[PDB]
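Undergrad: Got a structure for you, written out below as structure tokens; questions coming shortly.
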Amino acid sequence: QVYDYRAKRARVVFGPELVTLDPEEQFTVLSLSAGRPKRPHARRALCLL
Amino acid sequence: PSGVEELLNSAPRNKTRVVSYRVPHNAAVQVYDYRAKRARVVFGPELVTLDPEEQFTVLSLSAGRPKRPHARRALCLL
Amino acid sequence: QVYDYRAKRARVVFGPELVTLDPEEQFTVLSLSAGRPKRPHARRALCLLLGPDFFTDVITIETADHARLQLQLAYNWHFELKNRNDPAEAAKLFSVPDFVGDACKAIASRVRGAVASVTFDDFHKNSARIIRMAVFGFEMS
Amino acid sequence: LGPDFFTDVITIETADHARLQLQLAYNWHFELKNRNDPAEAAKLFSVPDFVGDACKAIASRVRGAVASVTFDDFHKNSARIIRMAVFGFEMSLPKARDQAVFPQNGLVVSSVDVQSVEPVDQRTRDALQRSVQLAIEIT
Amino acid sequence: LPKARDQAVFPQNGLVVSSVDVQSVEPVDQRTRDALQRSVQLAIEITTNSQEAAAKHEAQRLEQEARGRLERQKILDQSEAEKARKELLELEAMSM
Amino acid sequence: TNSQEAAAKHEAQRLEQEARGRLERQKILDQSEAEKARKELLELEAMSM
């Protein structure tokens, strides 16, 4: 998902479609719990599964 | 009021350039206008754009590894 | 709050509005009880807080079994306001030389007067109840 | 004139000859039935030293309270007797009124907080320490 | 008899004394202070003897009531055991 | 000091007296209900014997 500061509007997308941002649009980066077992901040990624 | 580094998160910002701050979708923020004598609140995917007399409502948080009354102060309440 | 020597008149203000003094006007500076635990004169400030918050405090107390023990207390607190348009009640808000130190001290003496009767055993097995009921309030049930 | 608390501490002797110091917050303020009267205001300053006279008179009253009371009941219940016996009368014998007043200058003491009653004799503290040490083990 | 009036007065010059506060009554003899010190030192320990006597009487009474309960349960269990023993005596009687 | 000690002594002695008297009466009582259950046990034992 990405939020547009210019349109003041978020938009979400998934599946086999590449994103193409407007200049004010920004990715919704997401922290993940990774590490060998678990860890509150590790392998941060915007690509939620 | 030393709120600079929180919203910069190298080269110093152009202070003449308007201050602005992207607001994370679940995040919430508020700013008070000294000129209009009026506070205003905003949240979600909308960047802030202050009037010159407007000031951020900075908020102390309880951070640290466990808990601590003054740590990781931030205006971006979740 | 600030007092005007020229108009011979005090005025109070709060919330998101910057102060702008007349030349004879002076701030009502207020001493506070700060320090790591409590201290009658520390972090003096004119910016009194009305909002909800918690006191940072710890209190030694003697039990009936002559076993002294320290204990910290969060002390949730706020300043209730039946009105905001009244200069007088606002003057009452600042009329106290030190609301927080007086609060923590009076509550401390009340805790001492609570534990002074209570045994160490029942206190250790049930502090949270008696520590609250005995220092303020009366029957509710 | 505003509400505040005295900074004071008082040694006192119990009936068991066990002297002990204790601090007292002494909540206080100056009541004013009027402000337009020069005379009452003159009464406010008529006292050479309102605070020292207050703390001293209250101190002697505390001494006159503890002088009869035993150390045991005092240690187990200081906050009540320390207040009732130095000012006020029956209100319900009955526990004394929380208010206290000095007519000579219009002073009015409020409730007196307590937080410490430690004995002057450290050996006595060792005795109570051994006593509570007996208490935990009998429990 | 009745407690004296708090007021005091000197007619010779019109003086008027009020109430007299007290805060200290310490003996001139420090040895006497040592004596009272040993006295209150006796007081705290006899009070410890008092609380110990209280806890002792209480724990003793509780152990008494408890052993009485367990005793009654013993007599009861002996009763049902007497029942099953009686049935066993019946079968043993017919068998013998 | 001998006087106060005599007072505390007489008092603690009287309290221990009243206490042991209470516990004694409770003993006789418990012996009574134990006598009851013992009586029932004597009945079952009687029929069994």
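Note on naming: chains are A, B, ... as they come in the structure tokens, residues start from 1 per chain, ligands start from 1 in the order shown.
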Using DSSP on the backbone coordinates, identify all residues within chain A classified as strand (DSSP E or B); present the result as a list in words.
TA: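 DSSP-assigned strand (DSSP E or B) residues in chain A: residues 2, 3, 4, 9, 10, 11, 25, 26 and 27 of chain A.
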Undergrad: Give me the residues of chain B that have any atom at most 6 Å from an atom of chain A; for each, the nearest atom pair and the distance in Å, rounded to one decimal. Use only C-alpha atoms, sort by chain and number, and format it as JSON lines.
TA:
{"residue": "B:45", "atom": "CA", "partner": "A:3", "partner_atom": "CA", "distance": 5.7}
{"residue": "B:46", "atom": "CA", "partner": "A:8", "partner_atom": "CA", "distance": 5.3}
{"residue": "B:47", "atom": "CA", "partner": "A:5", "partner_atom": "CA", "distance": 5.9}
Undergrad: Which residue gives the smallest distance to chain E among C:79, C:64, C:116, C:130, with only C-alpha atoms counted?
TA: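 Between C:79, C:64, C:116, C:130, the residue approaching chain E most closely is C:64.
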Undergrad: Tell me which protein, DNA and RNA residues are within 12 Å of stretch 88-96 of chain E, counting only C-alpha atoms, leaving out same-chain ones fewer than 6 positions away, and put them as a PyMOL selection string.
TA: (chain E and resi 81-82) or (chain F and resi 45+47-49)
Undergrad: Include N, CA, C and O atoms and write out the residues we just selected as a short mmCIF file (atom, residue, chain, number, x, y, z; two decimals), in the first residue's frame.
TA:
data_model
loop_
_atom_site.label_atom_id
_atom_site.label_comp_id
_atom_site.auth_asym_id
_atom_site.auth_seq_id
_atom_site.Cartn_x
_atom_site.Cartn_y
_atom_site.Cartn_z
N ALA E 81 -14.80 -48.10 57.84
CA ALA E 81 -13.93 -49.26 57.81
C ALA E 81 -14.54 -50.37 58.65
O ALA E 81 -14.38 -51.55 58.34
N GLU E 82 -15.24 -49.99 59.71
CA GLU E 82 -15.97 -50.94 60.53
C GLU E 82 -17.13 -51.54 59.75
O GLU E 82 -17.49 -52.70 59.95
N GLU F 45 -19.38 -51.37 65.42
CA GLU F 45 -18.50 -52.40 65.95
C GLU F 45 -19.29 -53.42 66.75
O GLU F 45 -18.94 -54.59 66.79
N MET F 47 -22.57 -54.26 66.25
CA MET F 47 -23.31 -55.11 65.32
C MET F 47 -22.39 -56.05 64.56
O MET F 47 -22.74 -57.20 64.30
N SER F 48 -21.18 -55.58 64.26
CA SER F 48 -20.22 -56.38 63.51
C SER F 48 -19.69 -57.53 64.36
O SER F 48 -19.65 -58.67 63.92
N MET F 49 -19.30 -57.20 65.59
CA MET F 49 -18.81 -58.21 66.52
C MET F 49 -19.90 -59.22 66.83
O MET F 49 -19.63 -60.42 66.99
#
Undergrad: Residue F:16: which residues within 12 Å, counting only C-alpha atoms, same-chain residues fewer than 3 positions away excluded, as number ranges by chain?
TA: E: 49-58, 60-61; F: 8-13, 19-24
Undergrad: Determine the nearest neighbour of residue C:70 from the options C:108, C:25, C:101, C:96, counting only C-alpha atoms.
TA: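 Selected residue with least distance to residue C:70: C:108.
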